[PDB]
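S.K.: pasting an experimental structure, sequence included:
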Amino acid sequence: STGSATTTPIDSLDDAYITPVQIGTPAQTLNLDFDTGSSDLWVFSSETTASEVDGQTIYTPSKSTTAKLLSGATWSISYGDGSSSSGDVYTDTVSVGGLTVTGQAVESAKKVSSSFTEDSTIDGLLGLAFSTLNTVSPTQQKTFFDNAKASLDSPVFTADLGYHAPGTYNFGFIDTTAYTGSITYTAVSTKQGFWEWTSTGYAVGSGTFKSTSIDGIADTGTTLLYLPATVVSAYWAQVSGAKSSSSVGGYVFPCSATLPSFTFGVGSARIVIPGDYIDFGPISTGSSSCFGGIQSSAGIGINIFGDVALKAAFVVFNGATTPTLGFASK
C-alpha cells in the first residue's frame, strides 16, 4: 500500500504545516502537525477542557463506531518549546492520504498548554519519530508509520515541504518526479529515538564550504534551523546589523536586509537553503527588526534540522531494518 497527502503551511511564515488525517468511522478529519521529532499521535477532543479549546476541530470518540477505549492508558508529553498536553487513549482507524491503519492509538487530550489553545489551525500532532519515544503508559504505543510499515510497498515516508506553499507527505514510495539529481543517503542513530544524523559541514552564501561534523535531528515539527553557536555566528556576521537579542530570544536582523543562503552537507552532497527561507518577519507587528530562521542550539542540547532546512530538500525517512535518511535537491 501507499499514501499521499498534501501538507499546507498554517500561516504566511511557514511556522508549521498541517496535513488532513481521517480518524474513526464515519471519518472525522482533523488537521495534524506531522512531527518527525516526536512519537505520539494526539488530538484535541470532546474530552479536552472546554476553556482550552479555541477554534480547533475535535475528535469525538463516542461518534466513532470503531473507537475503543484503551483501558488504563494515559499519556503526557512536553515539547522542546515548553508546550505540553496530556490525556487518555483510544484505538481507532486512522487514514492518511489513502493509507489506512486499524487499531492506531489515538491519544485524546484532556489538557493542552496555552500555545496549543492559541493556535486554532493545529488540531493535534502525528508523531513520526521512533516508537521508543511514545509516552503512553503503562503500555507504550506505536506510531502511525510503525503500524503501517509492514503493509507499505517500501518501508519509507518522505517529506517535501514547500516554501510559502503546500507540499507533500508520501508513505510507502519515493516519487522520482519530486526532486532533482540523486538522493544522498546518510546514516541514522536511533539511540535517542530521533532521526539523528551527522551533516558534513556548511557554507554561508557564496563562501567556501567548511568541513565539520554536525550531529542533529531531522525534525519536521520544529520551525527553525538550530545549529552550534559558532556556525550561527558565522552566518549572521554576513548580515549588516544582525545581532543576538536576549530580550527577543535569538538573532534578529534589519528587515531591509537581503539574506545570504546557507548550505549544509549531506555526505558529499550539498543542500542550499535560499536566503529568503531564513526570514521570519517582524518580531512584532510593524517592527523593522526581523527574526532569523537560523538560531543557536546552545541552550537546547541538540542541533535541529527543522523546517527551514528540510523545506529546501526532498527528504526520505527510510525505516528499513537499519534506518537511514536521504536528501535530494528539488
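M.R.: Thanks, I have the structure now. Numbers count the residues shown, from 1 in each chain.

S.K.: tell me if I'm right that residue 108 and residue 40 touch.
M.R.: No: Residue 108 is beyond contact range of residue 40, at 11.3 Å (criterion: Cβ atoms under 8 Å). C-beta coordinates here come from the backbone N, C-alpha and C atoms, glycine included.

S.K.: how close does the nearest residue to residue 28 once chain neighbours are set aside sit to residue 21?
M.R.: Distance criterion Cβ to Cβ, 6 or more residues apart in numbering; nearest residue to residue 28, sequence neighbours excluded, is residue 59 at 5.5 Å. Distance of residue 59 to residue 21, given as Cβ to Cβ, to the nearest Å: 10 Å.

S.K.: tell me which of the two has more neighbours.
M.R.: Taking other Cβ atoms under 10 Å, residue 59 and residue 21 do not tie; residue 59 has more neighbours (29 against 26).

S.K.: ramachandran angles for the residue positioned nearest the centre of the chain?
M.R.: Nearest to the geometric centre of the chain sits residue 220, at 1.8 Å (Cα atoms, centre = their mean). Torsion angles at residue 220 (phi, psi; degrees, to the nearest 10) stand at phi -70, psi -20.

S.K.: same check on residue 308?
M.R.: phi -50, psi -40.

S.K.: name the residues that touch the longest helix along the chain?
M.R.: Longest helix in the chain, counting residues (DSSP state H): helix 229-236. Contacts with helix 229-236, where a contact means Cβ atoms under 8 Å, 6 or more residues apart in numbering, come from 202, 204, 210, 214, 242-244, 251, 253, 260, 262, 292, 294-298.

S.K.: list only buried entries from the residues you listed.
M.R.: In those, burial by neighbour count holds for 202, 204, 210, 214, 242, 244, 251, 253, 260, 262, 292, 294-297, counting by 16 or more other Cβ atoms under 10 Å.

S.K.: nearest to residue 149 among the residues you listed?
M.R.: Among the buried ones among the contacts of helix 229-236, residue 214 lies closest to residue 149 (Cβ to Cβ), at 28.6 Å.

S.K.: roughly how far does residue 162 sit from residue 54?
M.R.: From residue 162 to residue 54 the distance is 27 Å (Cβ to Cβ).

S.K.: ok, these two, which is more surrounded?
M.R.: Applying other Cβ under 10 Å to residue 162 and residue 54 shows that residue 162 carries more neighbours, namely 17 against 13.
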